[PDB]
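Just so it is clear: chains get the letters A, B, ... in the order the sequence lines come, proteins before strands, and each one is counted from 1.
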Amino acid sequence: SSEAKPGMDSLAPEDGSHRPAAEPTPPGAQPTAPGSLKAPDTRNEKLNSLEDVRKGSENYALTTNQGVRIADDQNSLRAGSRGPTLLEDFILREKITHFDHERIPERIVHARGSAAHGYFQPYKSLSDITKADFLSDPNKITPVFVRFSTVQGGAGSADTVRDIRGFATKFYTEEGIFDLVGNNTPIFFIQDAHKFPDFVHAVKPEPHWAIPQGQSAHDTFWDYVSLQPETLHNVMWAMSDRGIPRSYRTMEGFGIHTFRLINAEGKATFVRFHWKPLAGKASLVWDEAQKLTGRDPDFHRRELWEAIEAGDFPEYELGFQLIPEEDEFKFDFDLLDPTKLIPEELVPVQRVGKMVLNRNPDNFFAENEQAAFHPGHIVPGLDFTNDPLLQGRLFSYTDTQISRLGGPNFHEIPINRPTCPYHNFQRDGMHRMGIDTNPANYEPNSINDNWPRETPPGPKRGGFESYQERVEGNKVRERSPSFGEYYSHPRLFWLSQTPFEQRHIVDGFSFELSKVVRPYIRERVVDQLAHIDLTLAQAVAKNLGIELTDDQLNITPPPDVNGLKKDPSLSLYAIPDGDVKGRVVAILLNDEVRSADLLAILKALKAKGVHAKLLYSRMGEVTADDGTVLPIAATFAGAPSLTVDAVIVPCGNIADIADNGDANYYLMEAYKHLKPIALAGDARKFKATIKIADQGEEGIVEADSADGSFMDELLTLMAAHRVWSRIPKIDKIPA
Amino acid sequence: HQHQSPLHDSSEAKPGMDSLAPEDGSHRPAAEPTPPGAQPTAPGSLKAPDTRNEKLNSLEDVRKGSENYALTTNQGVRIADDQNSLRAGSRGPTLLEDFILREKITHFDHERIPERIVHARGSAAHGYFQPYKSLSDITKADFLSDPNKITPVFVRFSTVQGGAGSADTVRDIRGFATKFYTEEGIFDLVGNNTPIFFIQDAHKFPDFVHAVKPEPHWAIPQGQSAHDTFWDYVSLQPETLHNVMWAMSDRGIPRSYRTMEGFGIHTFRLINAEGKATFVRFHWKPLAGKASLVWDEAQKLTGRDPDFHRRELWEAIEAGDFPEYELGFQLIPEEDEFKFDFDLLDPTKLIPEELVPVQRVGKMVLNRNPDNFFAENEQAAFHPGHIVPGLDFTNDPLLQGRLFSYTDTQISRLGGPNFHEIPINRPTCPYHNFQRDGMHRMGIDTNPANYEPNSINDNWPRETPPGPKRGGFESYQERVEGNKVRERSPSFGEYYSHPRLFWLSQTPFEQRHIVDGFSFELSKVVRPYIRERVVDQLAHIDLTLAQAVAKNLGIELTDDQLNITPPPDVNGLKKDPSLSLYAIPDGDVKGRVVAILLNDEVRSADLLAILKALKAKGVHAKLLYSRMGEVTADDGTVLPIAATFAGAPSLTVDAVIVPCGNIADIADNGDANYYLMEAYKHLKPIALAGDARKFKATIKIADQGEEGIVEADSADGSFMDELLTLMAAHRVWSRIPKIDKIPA
Ligand code: HEM
Ligand code: HEM
């Protein structure tokens with residue numbers, strides 16, 4: 001009955017094993033913790049400015065929100081032991097009221113997201129092309145807050161779904177907040193913002209039954225796509241492995257729209273923003289990603305948090321595609337068309353700076369959930385263009401943030417606050433934090449000598465002025481004829497893919513269309529694919545039991561994009577960029593592990609910054625051949641192959657795990673998913689479960705012992721991400 | 001056959017796209033009962049327009065059509081071009097004067113409302129309740145007074161922990177909330193799928209919820225109790241152990257909302273016309289029986305189909321396989337309040353059916369899906385404080401706090417005090433009072449008076465004295481004697497006897513599943529001392545349970561732990577078979593689904609016999625192959641393919657049938673072999689006809705065969721009776737010792 005009474009006092013273990021070490025530790029070594037407790041020495045101007053709202057807990061009394069000390073937090077106030085609860089229990093009512101009101105509306109789109117703190121630093125001054133203060137000095141450090149997201153799913157949906165990913169960066173500049181709100185693909189599905197609710201309604205769960213969550217694999221999405229060919233380009237990206245990234249650290253970022261850079265002389269240069277991952281480009285395979293939404297719906301959120309806790313800081317290079325004003329009409333596509341990409345072969349990405357994400361938040365709700373990004377948040381030195389999708393976004397973000405964040409003072413929520421000064425004549429509104437002392441709440445005023453005052457535009461610390469673009473035309477609701485091309489960009493993307501990426505696009509479309517109940521929708525989508533590429537259209541049609549007509553086989557292919565048939569920068573894997581730091585290997589233990597193998601495996605993995613998870617049939621410990629006590633991180637079922645990048649089976653008492661269904665399935669799944677597998681000594685007997693002949697094959701590392709050559713072979717395979725050459729062999733594998 | 005898109009050019013970016021439906025009318029689902037996957041799913045009023053009740057009929061004034069109507073703004077202005085924003089030139093800036101764009105985007109920008117604090121993930125349906133006989137001797141509740149009185153209902157089933165976008169087949173408690181639209185007011189029976197709750201006093205609700213929910217630093221994990229904070233709370237609060245035992249069992253992973261029980265948990269009161277109070281505990285007994293998934297299948301199913309339960313509920317209703325539940329009452333006279341070892345007011349305690357039987361009171365049928373999920377499901381507001389004359393509360397300290405919570409949360413979730421004016425929430429009976437204003441006030445009051453007592457409207461609306469029928473609400477005059485204290489009743493201070501009773505009531509396979517539930521969850525707890533503290537709690541329940549969990553965690557029990565005296569029996573009972581899902585057979589095959597693995601030259605005689613036998617028992621089938629489209633049988637019969645082997649995995653079916661034909665076509669297909677291996681591992685019945693018996697090799701079954709694997713030269717009478725008998729028993733429990741060697 002002591003559990004139902006005040007107080008329980010000290011409940012922590014005497015050994016202090018409840019507390020995680022405040023130092024970089026590998027994933028699973030320590031319990032995860034709020035950022036300021038895990039890495040207190042990791043700081044920047046924004047993190048430091050948040051100290052005034054940080055609340056501790058240690059050695060403090062439990063109180064009401066009014067500061068009244070609570071004596072009993074286990075019971076309601078009642079008339080007797082077994083009596084009715086009394087209306088006068090203000091402690092119960094305050095505690096329950098706050099609980100009852102915890103939830104706020106989720107984001108209309110990108111509701112599912114994971115965020116981190118970091119910093120940006122430019123390589124050199126960009127004063128020749130932009131007067132933006134954050135890009136003016138190589139020694140200028142700009143704090144950032146980045147949120148990565150899916151699009152369709154709710155805040156409680158799964159991470160490894162097939163979707164476009166959001167990549168939003170809040171720059172806390174000395175001249176205002178700049179939000180770069182992008183996606184992991186260089187194009188969007190639609191051309192004009194007016195269609196945004198139509199497209200979103202089509203991709204989102206269907207209105208009658210609210211199915212499916214985090215999936216475009218349903219009738220309404222494909223109905224919209226079939227009737228709106230402008231969507232075909234982004235659909236091609238979503239159907240590719242781009243739609244299933246391995247991690248937020250292994251995907252690209254793009255602003256999509258052409259914006260303008262404005263220099264001190266007033267010269268405008270067209271710009272498209274890019275984020276290039278230091279970890280390279282890497283994606284999952286469909287079966288692995290779908291099953292991973294089951295085994296770990298928080299996979300990406302977890303991987304992001306744990307990489308930062310390990311010191312494997314996600315790093316991205318900021319890049320600009322720069323086009324002079326006089327080159328506006330030099331391309332086959334309209335620069336203002338967000339369904340069109342600018343090929344890197346035509347306009348190269350100029351590396352401008354680097355962003356490092358080095359600290360997790362303290363409280364997910366207060367920092368991540370309440371963060372408000374808006375592409376309308378630009379600074380002097382930047383400007384918009386007439387892109388009709390960007391134009392509409394400018395209205396949307398401010399409007400949605402009012403209801404989501406409960407009013408017009410959302411900029412006063414700590415995460416959203418600028419670190420630079422902010423002063424104006426705006427007043428009141430729900431939850432007003434700032435107390436204005438200004439005698440005047442209007443301008444022009446004489447009572448406060450007209451302060452705060454306007455600042456003229458200038459080279460630095462000047463007021464914002466829009467680029468004086470010449471506008472000529474009649475007031476029309478009309479799409480520009482220049483935007484009326486829908487097939488060349490999807491064709492360019494398709495031909496830029498490797499044959500194995502092309503197979504994955506075919507399988508992506510085939511799987512999704514098989515989930516469409518109305519067959520005519522499938523047929524209409526296949527007809528659209530025939531206007532892109534006949535090989536793609538035939539391969540999808542075959543998987544759907546659809547036969548193409550003679551007329552469909554005679555469809556003239558769309559033209560090249562300014563002479564380009566393909567661009568290898570559009571492929572995830574064509575150009576190698578694979579880094580092993582931060583990757584994870586499963587190590588399948590047995591009851592009498594050969595310690596020499598394990599010592600060599602771990603030493604080689606550590607040298608490359610590759611993590612390991614020791615797996616067994618149960619938790620606790622196992623004892624090696626030399627007496628070394630090995631702690632078990634998880635079971636074979638607990639941390640499936642889906643969650644790792646490679647599998648290593650060291651030697652020892654193999655008979656212990658040879659007939660274990662879970663051990664054999666672990667290898668079969670990793671095999672099917674094209675993951676590198678390494679087998680030492682008697683572990684080579686597992687080749688039988690994966691149908692591999694005695695002579696072996698590429699992608700299966702094997703030797704008498706785990707040593708120098710063995711580990712170099714496995715790490716080289718890990719640098720290539722997956723064993724693509726294994727694809728013809730997986731179809732026979734029951735996994 | 002060969003439908004071509006009507007749009008390939010710039011007409012796609014212009015007004016006047018006009019008729020886009022296929023000429024064959026294949027876009028429209030049949031407005032008649034159809035099996036799952038046969039037709040596209042549709043809003044309820046379009047799928048079943050002839051299915052009606054008093055509540056569904058009352059919603060007609062707010063139903064909005066679409067066919068043959070002009071596209072307009074919310075102000076009724078006809079829109080000419082819904083493809084473009086207004087701009088100064090075709091490549092110019094968007095103009096602030098585009099009121100059409102701004103209205104369309106504003107509405108979109110404001111679509112989301114806060115999800116429910118708990119039970120955010122849920123699926124709902126319309127139906128009706130009807131009592132078997134008048135219960136006037138025990139209650140004056142109008143809805144229970146006449147066997148011919150039909151009460152419309154709205155039911156929402158849910159999980160607890162996860163967000164609105166979380167998965168269905170998680171390990172969690174399930175919510176089972178029923179809104180009764182009675183002639184004397186709305187009565188909400190807001191229950192769960194277990195007879196007890198985790199905690200005793202409502203004051204602890206935010207502590208327990210915060211512990212089970214995603215951890216505050218990183219918001220992980222979703223839809224899972226398999227994390228440090230949950231097990232930390234459980235280890236320090238033994239009152240949680242009873243509901244933990246239920247969550248760790250297969251009760252925590254139901255097969256369908258149709259195959260779970262429902263309970264009000266709290267002891268309430270029934271009040272008759274003479275003023276006599278009878279203590280009552282509410283029960284919902286599923287007509288489809290009790291059935292649950294196995295952990296590996298449930299977890300993988302959150303991946304393959306996170307909408308599995310929502311889908312199964314909608315499709316069963318569209319097929320005419322209406323979810324049916326018997327309302328049951330455990331009745332205890334006032335003088336029997338202290339007759340049990342446990343306190344009746346203790347929500348961590350169940351009333352064993354062996355001590356107090358469940359009396360069948362009526363039946364509830366769910367026969368129509370909503371039209372709009374947001375408007376009807378998302379906006380529905382259930383509250384256990386919504387009682388009617390003939391019902392009353394008790395001093396249960398968890399129920400007492402719930403009375404405050406629901407009204408309070410509904411104000412912010414539903415944007416004000418007029419949430420009862422939201423169509424789904426409206427009573428079908430009259431409602432009149434002196435309450436006024438508030439955000440989005442729909443009702444226009446004509447009463448000259450907004451107060452009482454008043455002479456200006458001759459005191460109308462007026463108070464009604466309590467009585468046998470159509471009387472005012474009066475609380476039972478319960479005697480209250482005690483000092484103002486924040487104190488738990490000593491009678492609630494017992495935490496181990498109910499978890500032990502539950503444990504001993506389980507079959508050995510159910511016990512193995514409880515052990516595996518605890519082992520799997522605790523393996524996910526990072527801090528080892530938490531695992532050890534939970535194992536220590538299990539040792540106070542049952543030593544066999546604690547030892548089995550400890551072994552799976554590499555934990556060794558101390559001599560002191562092995563010497564822990566077991567808790568006492570519950571009023572002489574060591575076990576109650578009503579606590580098991582499977583001890584007493586109750587399995588029905590209607591509404592179950594079978595995967596049929598096709599080949600390129602299927603033996604039509606086998607398929608004709610399979611489908612005829614399945615149809616006779618109301619069992620659905622899904623024809624699967626390596627691709628979509630069609631396959632041609634041996635006699636020339638064209639067979640339509642419902643899904644691929646990967647498209648509709650074995651996780652989504654109750655049994656697998658492989659007919660004969662060209663077996664070589666699928667014999668070396670990895671997906672076809674894995675389908676059978678997964679169904680095998682998951683203890684599902686498997687039937688193999690003719691050359692399909694060659695698949696026994698992939699499931700490591702000897703030539704002589706085994707129980708659970710139906711095999712014959714052809715699919716016929718005996719073959720199908722054997723498979724349907726296996727389906728009636730739900731899973732092949734005898735297969736458990738063989739599954740561990742299976743790589744699946
Ligand atoms: C280039 C095309 C687009 C891109 C790259 C894009 C990207 C994003 C991203 C990354 C977020 C989430 C930021 C966060 O982490 O909180 C988001 C939020 C959102 N976007 Fe966009 N978006 C696009 C187009 C649109 C359009 C056309 C509209 C409407 C006219 C729109 C309306 C919204 C809204 C309302 C939100 C939720 C904002 C909030 O609640 O704070 N987006 N978008
Ligand atoms: C016997 C124990 C309990 C049971 C069976 C129970 C059951 C449920 C169910 C089924 C719902 C979802 C109704 C729906 O589908 O909308 C729910 C909602 C909720 N419950 Fe309870 N509950 C219990 C205890 C509590 C306690 C102790 C509190 C707070 C003191 C509480 C607060 C809530 C809240 C705030 C909601 C959301 C209601 C809304 O937003 O409409 N519940 N509960």
Side-chain angles (χ1 to χ4, degrees), chain A residues 109-110 151 163-168 179-200 202-203 224-225 228-238 242 252-260 270-275 320-321 323 328-329 331-344 346-347 349 373-376 378 382-397 469 477-490 492-493 561 570, chain B residues 10 12-13 83-85 87 89-94 101 105 108:
Chain A
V109 287
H110 297 262
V151 177
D163 203 353
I164 299 300
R165 296 312 192 278
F167 190 152
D179 294 330
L180 189 49
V181 194
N183 283 346
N184 73 332
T185 76
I187 32 121
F188 200 60
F189 295 97
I190 64 160
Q191 297 178 336
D192 192 305
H194 198 74
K195 298 304 295 172
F196 198 75
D198 297 304
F199 175 73
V200 172
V203 74
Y224 190 88
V225 170
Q228 295 284 96
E230 69 190 51
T231 67
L232 296 160
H233 190 202
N234 217 21
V235 169
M236 287 291 301
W237 285 75
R242 289 273 181 168
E252 290 183 308
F254 306 92
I256 293 158
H257 317 290
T258 300
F259 287 83
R260 284 183 178 114
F270 292 116
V271 65
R272 277 207 191 188
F273 301 109
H274 293 251
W275 286 119
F320 292 178
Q321 275 184 302
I323 300 166
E328 194 181 348
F329 307 110
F331 307 86
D332 291 346
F333 53 91
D334 199 310
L335 287 192
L336 309 184
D337 185 353
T339 70
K340 304 293 178 295
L341 58 79
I342 309 173
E344 290 186 37
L346 301 180
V347 181
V349 170
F373 300 85
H374 181 345
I378 61 162
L382 302 177
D383 219 334
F384 312 114
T385 66
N386 293 339
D387 173 316
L389 190 69
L390 168 62
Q391 289 277 309
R393 292 178 71 194
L394 309 178
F395 169 79
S396 184
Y397 296 76
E469 181 194 326
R477 283 180 176 82
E478 184 187 307
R479 205 74 57 84
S480 172
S482 64
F483 282 46
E485 196 287 315
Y486 317 119
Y487 312 113
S488 72
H489 286 231
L492 178 74
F493 178 77
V561 180
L570 302 184
Chain B
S10 67
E12 167 249 38
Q83 318 309 322
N84 293 289
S85 299
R87 42 180 152 272
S90 68
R91 274 182 98 251
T94 301
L101 167 75
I105 302 296
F108 171 79

Got a sec, which residues hit side chain to side chain contact (heavy atoms under 4.5 Å, CB included) with [X], two or more places apart in sequence or on another chain?
{"X": "A:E478", "answer": "A:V476, B:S90"}
{"X": "A:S488", "answer": "A:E485, A:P558, A:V561"}
{"X": "A:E344", "answer": "A:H274, A:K276, A:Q321, A:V349, A:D567, A:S569"}
{"X": "A:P186", "answer": "A:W237, A:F254, A:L341"}

By salt bridge (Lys or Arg N to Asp or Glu O under 4.0 Å), which residues pair with [X], not counting sequence neighbours?
{"X": "A:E230", "answer": "A:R479"}
{"X": "A:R272", "answer": "none"}
{"X": "A:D198", "answer": "A:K195, B:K104"}
{"X": "A:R393", "answer": "none"}

Check your understanding: What do the steps show when you test A:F373 against A:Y397 for ring-ring contact (aromatic ring centres under 6.0 Å, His included), and what is the final call?
Key -> CA-CA 8 Å; A:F373 300 85; A:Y397 296 76; 9.5 Å; no
Who passes side-chain hydrogen bond (donor to acceptor under 3.5 Å, both in side chains) against [X], sequence neighbours left out?
{"X": "A:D192", "value": "B:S85, B:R87"}
{"X": "A:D337", "value": "A:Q191, A:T339, A:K340"}
{"X": "A:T185", "value": "A:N234"}

Practice item. Determine whether A:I342 and A:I323 make a side-chain contact, defined as any pair of heavy atoms from C-beta on separated by less than 4.5 Å. Key: yes
Point to revise | Partners passing ring pair (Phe, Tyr, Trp, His ring centres under 6.0 Å) against A:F188 (at least two apart in sequence or in another chain) | key: A:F196
Review point. In Å, rounded to the nearest 0.5 Å, how long is the span from CZ of A:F384 to NE2 of A:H257?
Key: 10.5 Å
